[PDB]
Every structure is written in structure tokens, then in C-alpha cells.
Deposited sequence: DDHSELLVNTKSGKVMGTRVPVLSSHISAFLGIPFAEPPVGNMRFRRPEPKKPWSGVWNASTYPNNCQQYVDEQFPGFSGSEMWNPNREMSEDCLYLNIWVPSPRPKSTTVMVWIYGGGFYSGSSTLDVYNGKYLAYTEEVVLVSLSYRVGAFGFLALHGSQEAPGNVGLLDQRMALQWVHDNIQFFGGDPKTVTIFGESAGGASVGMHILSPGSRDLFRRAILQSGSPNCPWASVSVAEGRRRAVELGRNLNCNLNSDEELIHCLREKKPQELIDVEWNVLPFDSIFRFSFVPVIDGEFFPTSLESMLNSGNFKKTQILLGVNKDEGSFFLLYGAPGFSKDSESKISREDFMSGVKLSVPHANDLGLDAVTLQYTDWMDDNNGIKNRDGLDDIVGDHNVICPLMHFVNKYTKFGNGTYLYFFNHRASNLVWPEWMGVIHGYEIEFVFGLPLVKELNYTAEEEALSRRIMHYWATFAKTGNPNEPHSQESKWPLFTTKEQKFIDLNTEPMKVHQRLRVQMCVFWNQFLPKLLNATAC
């Protein structure tokens, strides 16, 4: 049976799914690790013991235990990212979409979802890539990991809760792919891992981490970097804010053992309830429990590794969205609302920049402002709003990416950089949000291909042409078969990704990023 597959972990039964006038097979819910429940909570991932029967992979599995959004109940735009299956601590599983008839050795793609490391799901409608596997003819794999304290609590030193376990799940899922993806038709030596936000930062974290580079070939990073300010905390910070969690749930903090035990006694939702209370400051685009530069998963500091080319060298295709910051300002800054032009005032603006560069001192905040302010019309509300939408993206996404790009592209074997700036015609979010964080994925996963979803023809055509870029690159190591230029430390070329005739530019946000990537940091140290 085309749906019956024999893995190194046991036989597994798949299911036939319809895909744009055709059909293919999907093996949903396959388990790659032991349930991270109970005493194992906070512990590193555990390999999944073999099953002596036939595992049923016809239905998506539970979503991990995570903070669910309720700022816009009903509203699809928000609920569209919320978990869509019974959340549970038993969540480490993976789904595989295999073409039909089943291949013998085709390009494999492994997807790592985002969520600020505090949220995420592999079972999201937008992540349903039966279209990618289908259209592009690849074997799409959707790994899943532990987000939240459940998978990032960093009580460094302790072995019961060392941190980064969530990245470890990611890794134990890439091994499984490396070990059995052949029995599914995939080619274990041509496996591309691609992700968004925290998933894009995880991708590159696997390029840096010595223990996982050998587990994949090339990578695609979307709106994320490992050297992103919110992508990691120190072992001290993780420690300090891990204790603050015990303190919040009234735990015993006499010693790690007591704490860890206590935290392991609290139900999941109790941890979730006081999760955000441990952050060091009032901030925008900052999350509680994220990877720690522990010295193991990460030999040394990220920068120093990017400086010594101490990272996996291969091909990488990456980029950013035109309007990243939007989502975090509407959700955190004062003066923003889902149902207005949210034109901001010098005040609200000045107050937002403090929420954006939280680690900045007053001289710093000054630099930022003077930098993103049209002093010829400093009262423009639409300007104050947009310039604020630029500080959130620039500082948290584009600039940290452009530094990892320039550093990688000096040891890597090839780099392709894009700037996606097309506003889905059916977006529901207020126009003032522009090309929003995470709204390229739908083009990447070919949702514009399914009619009922309301997309122009021009749009379905971008998805189709973007999907081939991703897929062609994943298989050949180059997006091309009209040409998307190679990014070089010399002519830093990149292109635009939208329904208009390909246009090639060069040096994505140089200026703003020279300030973020070079000036600000310096200043903030002198001062």
C-alpha cells in the first residue's frame, strides 16, 4: 500500500488527501520523541521507542502547550495562528506530505514554524503544504517542538532543565528525517530546512550549532535570524527570569532542584498564566523563554561564531517582509488600533520607541528618534506611525538578518536574498499594517492556488513562482532553473518579491542598519 510505510521506528499508515484536482498521501502525527510529560518536563527531548504495530498517521496531532491569543476573538487574522488541536505536553510529532505515486529519492523540505518561541503549531491551515509537495513535487516535512518555558526554561547548570530543549526537539526531529525519510521517497542528502520568525532563527541556529549542521544540506530563513535580539538570552538572564517564574507561581527557590521540581508540579496553564511577568522591561518584540547561549548547543557567542566562520557552510536563501513591525505595535504600542489609521503623535511615537529599544538608555532613545524623525514635519501622524513601524522591523528583523547575511556570505557557498513586499489582496488586517510579519508564508505554501480563498490571478502566479524558487533552490542549491542574482559581499544584490516584473536592487536598508548594526551598539557602550 502506497500509504503503508516501514520506518526504523515501526510501520506507519498514512492517508490520501485531495490536492487541487488530484490527490497525494500524507502521514500525519508520526512521533519522533518520547512524550515530554511529567518528570521529563523541562528535560531534553527523548527518542521515541519503537512501535510493534502499525501507527496511524491520518490525523494531525496535539499542538504543544502554548499561550493562545484572545485579543481579537472570532477574527480570523488572529485566530488563524492560534493552535487548532487539543494543546498537550505530548506534542513532539511530525507530518509528511509525500507525492503520489511515491518517489524513490526526491528533494526533502522540513518546515520549522515560528511563534516567538512562546507559540506555534505545525498543524496550521497556512502550514498545510500538501500544495508544495504536490505542485513542486517535493516531500514536505513539518517538524514540531516545545515552545514556552515548557521547552526553554534555562536553569543552566541543572540537567533537569538546562535550556534549549526546544531546539533539541527540533534536532531530534531532523535526525528522524535523516534516518527514515528515504522510506518515504525522500532523499536524506538533499534536505532543506526553512522557517519563519523564530523558525527562521532556529534554522540558522542549526547552522551555527555544531551538533546539527550535519543533519541538513541547505537552508531558507524567512523574517528571522539567530542573531536576532529576541531570539536568545544569556544563561544568567534565563536563570534570573526562570527563578522569577517560580517566584510568580509561589515555588520554593532554595535550590534548583526544589524550583525545577515545583515548576514540574504546576499544571501547564499555570506556567502559561504568569509567563510574561518575568521579562525585564516593558517592551515590544521581546519574549520570555528563548534559547540561551549556554556554551553547549552554542560553543560561544553568536557574533564571535559569525566572525570566525564557525558555522555550517552551504547555500542559503533568505529575506524579509516590507512591513515587519506592524503586528507588534498594534499589539503593544499606544495609539494603535485594529480599526483605525492609528496615526501617532510625537508623544505616542516617542513613547513607542522606548517600547522598541527597551535596552536603550536615554541618549540611545534620542539617537533612534533623531534617526527616524522627519524634523521638517515631525507632527505627521501617518509618518510617526510608519517610522515607528520601521523601528520595530528594522531593529528586530531586517537589520539583524542583514548582519547575519553579510557575515555568512563570506564563508557560505552561495546566498540568495529577497525582499517580499506584496500585500495579499484578501488580507483582513488594517491597511496601515502593510506587508505584515508572517504573511508571505501563504504564498510560500501556495494557498493562492486554492480558489475558494479569494486571491487575484496575479497572486496565485506569485505563489507558484515563489514555490518553485524555494523548491528549485532546495533541490539544486540555486533558486533559478528572469534571474535572481547571487548575493555577494561585493555587489550586495537582492530582488523584490511581488506581482510586478522582477526588479533587482542592492544593499537592503544599509543606512538604517548601519545605525542599528553599528552606531547604536557602539554609542550604547560608550554611554
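K.L.:
Comparing the deposited sequence with the modelled residues, which stretches have no C-alpha coordinates?
P.N.:
In the chain as deposited, 1 to 3, 485 to 489, 536 to 537 carry no coordinates.
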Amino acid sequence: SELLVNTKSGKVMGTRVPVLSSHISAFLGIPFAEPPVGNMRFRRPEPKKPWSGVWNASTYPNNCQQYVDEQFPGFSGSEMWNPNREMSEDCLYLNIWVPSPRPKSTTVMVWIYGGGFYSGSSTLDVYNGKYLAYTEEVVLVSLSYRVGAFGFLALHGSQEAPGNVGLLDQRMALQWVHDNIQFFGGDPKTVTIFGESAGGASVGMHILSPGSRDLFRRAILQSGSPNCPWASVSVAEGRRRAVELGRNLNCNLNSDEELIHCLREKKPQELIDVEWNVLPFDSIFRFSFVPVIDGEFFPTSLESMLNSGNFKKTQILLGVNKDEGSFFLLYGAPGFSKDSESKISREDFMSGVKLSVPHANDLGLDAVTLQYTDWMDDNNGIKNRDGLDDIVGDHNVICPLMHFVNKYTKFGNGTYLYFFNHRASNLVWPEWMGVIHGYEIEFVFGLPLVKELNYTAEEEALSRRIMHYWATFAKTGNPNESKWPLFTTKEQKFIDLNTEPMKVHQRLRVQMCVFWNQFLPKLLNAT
From here on, numbers count along this sequence of modelled residues.
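Rigid core (definition): largest C-alpha set, two forms, superposition within 1.5 Å.
K.L.:
Between 279 to 287 and 116 to 124, which one shows the bigger average Cα displacement from this form in 9 other deposited structures of this protein once the rigid core is aligned?
P.N.:
This comes out as 279 to 287, the stretch further from the shown form in 9 other deposited structures of this protein.
K.L.:
Averaging only over Cα atoms, indicate whether 331 to 339 or 450 to 458 has the higher B-factor in the PDB entry.
P.N.:
Taking the mean B-factor of the alpha carbons in each, 450 to 458 is higher.
K.L.:
Looking at the deposited entry, does 423 to 431 or 394 to 402 carry the larger mean Cα B-factor?
P.N.:
Higher mean C-alpha B-factor: 423 to 431.
K.L.:
Taking the Cα B-factors listed in the entry, which of 351, 222, 315, 142 comes out highest?
P.N.:
Highest C-alpha B-factor among the listed residues goes to 351.
K.L.:
Which has the highest CA B-factor per the PDB entry: 373, 128, 119, 310?
P.N.:
Most elevated C-alpha B-factor of the set, per the entry: 128.
K.L.:
Please place residue 105 in the lowest, middle or highest third of its chain by C-alpha B factor as given in the entry.
P.N.:
Residue 105: CA B-factor falls in the highest third of its chain.
K.L.:
Ranked by Cα temperature factor within the chain, is residue 504 in the lowest third, the middle third or the highest third?
P.N.:
For residue 504, the deposited C-alpha B-factor lands in the highest third.
K.L.:
By its CA B factor, does residue 254 count among the lowest, middle or highest third of the modelled residues in the chain?
P.N.:
Answer is highest: the recorded C-alpha B-factor places it there.
K.L.:
Quick one: classify residue 471 as lowest, middle or highest third of the chain based on its Cα B-factor.
P.N.:
Within its chain, residue 471 is a lowest-third residue by C-alpha B-factor, going by the deposited values.
K.L.:
Residue 246's Cα B-factor: lowest, middle or highest third of the chain?
P.N.:
Middle third, going by the recorded CA B-factors of the chain.
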